[PDB]
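Colleague: Would you be able to build a 3D model of this:
(2 chains, ligands or ions: 6)
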Number of protein chains: 2
Amino acid sequence: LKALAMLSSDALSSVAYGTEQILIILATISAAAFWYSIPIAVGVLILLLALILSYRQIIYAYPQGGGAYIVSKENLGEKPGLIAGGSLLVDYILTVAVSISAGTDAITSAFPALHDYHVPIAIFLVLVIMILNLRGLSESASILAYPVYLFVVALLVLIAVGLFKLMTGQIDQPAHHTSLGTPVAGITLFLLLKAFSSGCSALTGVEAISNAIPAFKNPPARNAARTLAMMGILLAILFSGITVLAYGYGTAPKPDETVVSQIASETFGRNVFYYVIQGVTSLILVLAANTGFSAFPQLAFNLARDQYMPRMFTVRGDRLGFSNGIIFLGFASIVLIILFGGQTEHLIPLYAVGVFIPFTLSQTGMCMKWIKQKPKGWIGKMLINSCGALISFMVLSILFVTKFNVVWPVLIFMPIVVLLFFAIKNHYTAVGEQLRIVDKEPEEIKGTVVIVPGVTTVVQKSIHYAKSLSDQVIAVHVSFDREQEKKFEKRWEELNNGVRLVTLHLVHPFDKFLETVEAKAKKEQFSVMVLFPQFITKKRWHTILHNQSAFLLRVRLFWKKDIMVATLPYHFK
Amino acid sequence: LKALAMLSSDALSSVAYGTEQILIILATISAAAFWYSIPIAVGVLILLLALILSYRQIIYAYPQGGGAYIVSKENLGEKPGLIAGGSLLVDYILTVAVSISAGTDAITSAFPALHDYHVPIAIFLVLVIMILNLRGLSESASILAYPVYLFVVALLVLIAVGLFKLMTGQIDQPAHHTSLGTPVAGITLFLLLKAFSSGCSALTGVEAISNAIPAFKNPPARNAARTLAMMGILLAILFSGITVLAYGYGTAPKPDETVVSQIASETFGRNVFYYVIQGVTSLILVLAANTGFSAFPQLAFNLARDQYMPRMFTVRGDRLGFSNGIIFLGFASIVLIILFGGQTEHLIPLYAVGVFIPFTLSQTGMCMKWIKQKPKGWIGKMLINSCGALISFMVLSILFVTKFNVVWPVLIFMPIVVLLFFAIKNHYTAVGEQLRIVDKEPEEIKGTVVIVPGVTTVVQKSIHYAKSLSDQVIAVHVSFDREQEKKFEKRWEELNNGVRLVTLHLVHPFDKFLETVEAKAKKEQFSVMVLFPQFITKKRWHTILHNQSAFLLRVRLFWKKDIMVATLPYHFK
Ligand SMILES: [K+]
Ligand SMILES: [K+]
Ligand SMILES: [K+]
Ligand SMILES: [K+]
Ligand SMILES: [K+]
Ligand SMILES: [K+]
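Modeller: Numbering: from 1, shown residues only, chains lettered A, B, ... in the order given. Ligands and ions are numbered 1, 2, ... in the order given. See below for the structure:
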């Protein structure tokens, strides 16, 4: 069909948290008489129109379509362009944190008795999304694509009946502010732009369609651009309908419920249809967290090349770093939920800074790319991108110069990631310049000893493979607290074996024996090799509790020694 | 010297949380007119006297001295005796959780501005104790032994000056209840015994001196018994002094501060000496969490024998399961802090149930051991242990029949641990009966092939070791997205090599090639062996980002195949 839902779930889920909650909280904490919801909503829609035309330009200029990092690096260089990668990391961590925190704030308003603990509902929803991305690995075409349609039709029919109730001359909240003009004391243009900055976080979703272009099965232009156009107009009318209903009634920002909850409550009764609205909004915020997890590894893959991430992300979702990426994203999301509670009123400036550093850098890089050449309608596209850069930059600077008590994790976390990316690049240059040389051949050692550490079928199998693979093999076993080691040697010899054994009488005597046999290795020009066994079950749960003592301990011991180890599996059946 | 501090830190740290906070909370939530602090404190001291004489009996009967599990198993059997192990696990998890939660509740009363977030101070203190037990591994003789002395002398001089202020005829809180008699309506004997149960958790520390007997360097009897006697009398007079001061003033249980904070505040001003009391009480609660971590692995070692835990705990602190034990204890402590907040008002019945299942089972097992024989003063020791069992059992049943909204993790978590211990014992019996047989020798395969997966110094070293160790060796390398594989074979051959190569054109073609070469292994009676390289750095941080793609992926691939692998280290220098 179409399948725009895996990206529209990140886009149009912001009609619940960063729209009326944060904006109306700032307007009430000024003077408790708000009427600037409609002009700031129109200003946010104007900034949305600027961003959707700028990303139409970026998609029409890149059919490859990797947005917000590749353009920044290739049109800014190295020291910038990489900060776009760091801020997309902060945006991914915070989109799963903020989407889950607003999901719990919209699920502890249908059943408000469990609002005492709602930090450990957030960690539970992060954990079930992390599990269903790890072991389930669904990525299906029904569960990820039906609730966005249900949400759009649900909020549409709610906006229809709510504007119908606000119409036909009926008052449904007799307390109501003015309509036109009537300024209120204690309100500056600085505070109005403060509310415009904090309420600008409704449009943090178009980055998802600019960062997840491929698998369209058509020409890339004129199709994904029109998908982005439909998503932009749907977010526009949805956010405008929710803010015109919240200005329509009283709708104070109560510190236990959201704004869409109060809209549904005073619109269509307490509990008849209201439960499907809170249900579908919790589901949509959960799917937005899933889109954050799903769009992590494309950034990780675009940064693994050019030697900035660990190298393991080069396979693009063939399960190497997808596990480590999912675990890191979940752990940083959980520690941010813990540091900020299940609040979704403090994390919104963090998430907006994390999404409006990449918009700024992407627009500046597109501006420099359009100032490099003058091909086709030059000054118009240049002014569109530069004005978008200006308005995103003033949004970032307003969100940074205040709320500085919450955005200290960005100022800490960004130079750590930039310094680490520089260190990984320097390390891979040093490895590529020290390694990849032309040398000679070694001694051609022509002789190898095989060491193996009760008389057991696995022990006799491993010592048979030892005698097959080499000669002069040595069996050892650690002996303590009794006299049975002489009895063990006795029953060994007169039961099965005739091979050589040199027992001992824990780590320290073992590394002493290995150091002595390494002393009998260098001038003798003969190498050394230790063979281990491994017990392998069938039920896949007994990976623990069988071999993870000797294996882990002696593999930890077997560094700085230059002795090759080997494992032989038994595979219990 | 003496060094009783590593156990007295768990014992006499309970003068801050489970003494006046919980007891006075229950007494005020009845009727807000409490005078039953003194009789319930005397009843708790009588139960302390019973427990200290019963543990003097257990220590005098066992110079080996492993308490609360070994006596329960060897005098009750298997299905009981093991529940003592499960409840000591719940007691260790909850002693680190409750000690850290009371530590934060006593550090957000000296500087109360940071009382907004005090769940993430608890996780930070659990993490710094987990780190200082993992990598630091201090176990010193000054940092773990000076603050217990400082705490005892601090609370002693505070109790001295506070009773001096309550004396010399001066009122320091003009609101004061009655002294003798004067009953209050809304108070039953059921609620008085409820307060006795919830306030019985002051004496949850003598288990630490009953579970950590050795390293005394003397005769075991008459020395550790007198150490336990001094600890018992110190907890007795300390808890009695704190409760007589809290009855001396008003001392309501305010929901932001502790009881020792209000005692110090109305006793010796707001901030002159009061900061050293809150400092030393936070330090002592931190050291009690450290004692929980330190006394985990002795239980783990007494349960690893007799085939109930994973086998890796047999070395008794030689760093095998000490890491996994510390990580599990920290993770379960953190998830209990998260589920219950930084409250230390809900977790106290959980921790008291977790400490009063083992006291009950230990006293019942000692009673059956003293009913087996009639050696020396039979009926007196029998009645002492049976009365201790009765009073601990009624404390457990009162704490279980109410506060059932908080002790559902015990009723869930205990059959899971008992079922898992039964499953591990059954699994080791099945392994011991299927393995350890007498069989014949295999084919004596007499021929082995060596497989190794750019032309590199590590590649040429590994292929030289391959040619040295065996013949007919095969080099493979995965080839994709270009034509250079023919160029790679070309430059391989006319640059250095003359060995055999069979290239291919990710997991699926690799396991196809391994399945085909395994098909060329069985009727041919020749085995197969894959050699890997490993890059080893010097700075110890580059364990990641070098080899953890191919190693992890293909070792995951190399199950169900019966093919021995081998790693060869480079060790960058
Ligand atoms: K979202
Ligand atoms: K985003
Ligand atoms: K996104
Ligand atoms: K404690
Ligand atoms: K204990
Ligand atoms: K303890």
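Colleague: Tell me if stretch A:429-439 is near chain B.
Modeller: Yes. Stretch A:429-439 is in contact with chain B by Cβ under 8 Å from any Cβ of the partner chain, via A:431, A:434-437, A:439. (Each C-beta comes from the backbone N, C-alpha and C, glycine too.)
Colleague: thought residue A:239 was touching residue A:19?
Modeller: Yes. At 5.5 Å, residue A:239 counts as touching residue A:19 under the criterion of Cβ atoms under 8 Å.
Colleague: Where does the stretch 251-400 of chain A get nearest to ligand 4, residue-wise?
Modeller: At 23.3 Å from ligand 4, residue A:338 is the closest residue in the stretch 251-400 of chain A, using Cβ to the ion.
Colleague: Look at that residue and give its secondary structure.
Modeller: Following DSSP: H, G, I helix; E, B strand; the rest coil, we place residue A:338 in the helix state.
Colleague: what's the burial count for it?
Modeller: Using other Cβ atoms under 10 Å in any protein chain shown, residue A:338 is surrounded by 21 other residues.
Colleague: Alongside chain B, which residues does the stretch 51-200 of chain A contribute?
Modeller: Contacts of the stretch 51-200 of chain A with chain B, taken as Cβ under 8 Å from any Cβ, map to A:117, A:119-120, A:123.
Colleague: if we go to 7 Å?
Modeller: The interface of the stretch 51-200 of chain A toward chain B, taken as Cβ under 7 Å from any Cβ of the partner chain, is made up of A:119-120, A:123.
Colleague: for residue A:528, what are its contacts?
Modeller: Residues near residue A:528 by Cβ atoms under 7 Å, 6 or more residues apart in numbering or on different chains: A:449, A:451, A:517-518, A:521, A:563.
Colleague: Relative to the helix or strand containing it, what are the paired strands and their orientations?
Modeller: Using DSSP states H and E, residue A:528 maps to strand A:527-534. As defined by DSSP bridges, the strand partners of strand A:527-534 come to strand A:448-452 (parallel), strand A:564-569 (parallel).
Colleague: related to what we said a few turns ago, make TSV out of the residues of stretch A:429-439 next to chain B and add neighbour count, distance to ligand 1 and secondary structure.
Modeller: As requested, these are exported to TSV (neighbours: other Cβ atoms under 10 Å in any protein chain shown; distance: Cβ to the ion, whole Å; DSSP: H, G, I helix; E, B strand; the rest coil):
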residue	neighbour count	distance to ligand 1	secondary structure
A:431	17	39	helix
A:434	11	45	helix
A:435	13	44	coil
A:436	12	45	coil
A:437	8	50	coil
A:439	8	54	coil
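Colleague: What is the nearest of the residues you listed to residue B:487?
Modeller: When these are compared for distance to residue B:487 (Cβ to Cβ), residue A:436 wins out at 16.4 Å.
Colleague: between the contacts of residue A:528, which is nearest ligand 3?
Modeller: Nearest to ligand 3 among the contacts of residue A:528, with distances taken as Cβ to the ion, is residue A:563, at 48.4 Å.
Colleague: Is the closest residue to that closest one other than its chain neighbours bridged to anything, and to what?
Modeller: In this structure, residue A:563 finds its nearest non-sequential neighbour in residue A:528, 5.0 Å apart by Cβ to Cβ, 6 or more residues apart in numbering or on different chains. Counting by DSSP bridges, residue A:528 is bridged to residue A:449.
Colleague: Show me the helices in the stretch 151-300 of chain A, by range?
Modeller: Along the stretch 151-300 of chain A, counting by DSSP state H, counting those that start in this stretch, helices occupy A:189-198, A:206-211, A:224-248, A:259-267, A:274-304.
Colleague: what's the distance between the most centrally placed residue in chain A and ligand 1?
Modeller: Central residue of chain A (Cα atoms, centre = their mean): residue A:329, 3.9 Å from the mean position. Look at residue A:329 and ligand 1: by Cβ to the ion, to the nearest Å, they are 14 Å apart.
Colleague: picking up where we left off before, so can I have JSON lines of the strands paired with strand A:527-534 showing distance to residue A:472 and mean neighbour count?
Modeller: Output for those, formatted as JSON lines (distance: least, Cβ to Cβ, whole Å; neighbours: other Cβ atoms under 10 Å in any protein chain shown):
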{"stretch": "strand A:448-452", "distance to residue A:472": "5", "mean neighbour count": "21"}
{"stretch": "strand A:564-569", "distance to residue A:472": "16", "mean neighbour count": "20"}
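Colleague: Compare the ones you listed and give me the one nearest ligand 5.
Modeller: With respect to ligand 5, and counting by Cβ to the ion, the nearest of the strands paired with strand A:527-534 is strand A:564-569 at 40.7 Å.
Colleague: ok, residues contacting the closest one?
Modeller: The contact list for strand A:564-569 (Cβ under 7 Å, 6+ apart) reads A:462, A:465, A:529-534, A:536, A:555, A:558, B:562, B:564-568.
Colleague: Give me the ChimeraX select line for the residues you listed, limited to the buried ones.
Modeller: With 16 or more other Cβ atoms under 10 Å in any protein chain shown as the burial test, the buried ones among the contacts of strand A:564-569 are selected in ChimeraX as follows:
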select /A:462,465,529,530,531,532,533,534,536,558 /B:564,565,566,567,568
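Colleague: Chain neighbours aside, what residue packs nearest to residue A:76?
Modeller: Spatially, and ignoring its direct neighbours in sequence, residue A:76 is nearest to residue A:365 (5.1 Å; Cβ to Cβ, 6+ apart).
Colleague: distance of the residue of chain A most remote from its centre from residue A:508?
Modeller: Using Cα atoms, centre = their mean, the residue of chain A lying farthest from its centre is residue A:494. It sits 61.6 Å away. Distance of residue A:494 to residue A:508, computed by Cβ to Cβ, to the nearest Å: 31 Å.
Colleague: Now do residue A:199 against residue A:98, distance only.
Modeller: Distance, residue A:199 to residue A:98, using Cβ to Cβ: 14 Å.
Colleague: Those two - which one has more neighbours?
Modeller: Set residue A:199 next to residue A:98 and count neighbours by other Cβ under 10 Å: residue A:98 wins out with 33 against 30.
Colleague: give me the element the residue in the stretch 1-150 of chain A positioned nearest to ligand 6 is part of.
Modeller: Closest residue of the stretch 1-150 of chain A to ligand 6, Cβ to the ion: residue A:120 (26.3 Å). Assigned by DSSP H and E, residue A:120 belongs to helix A:119-131.
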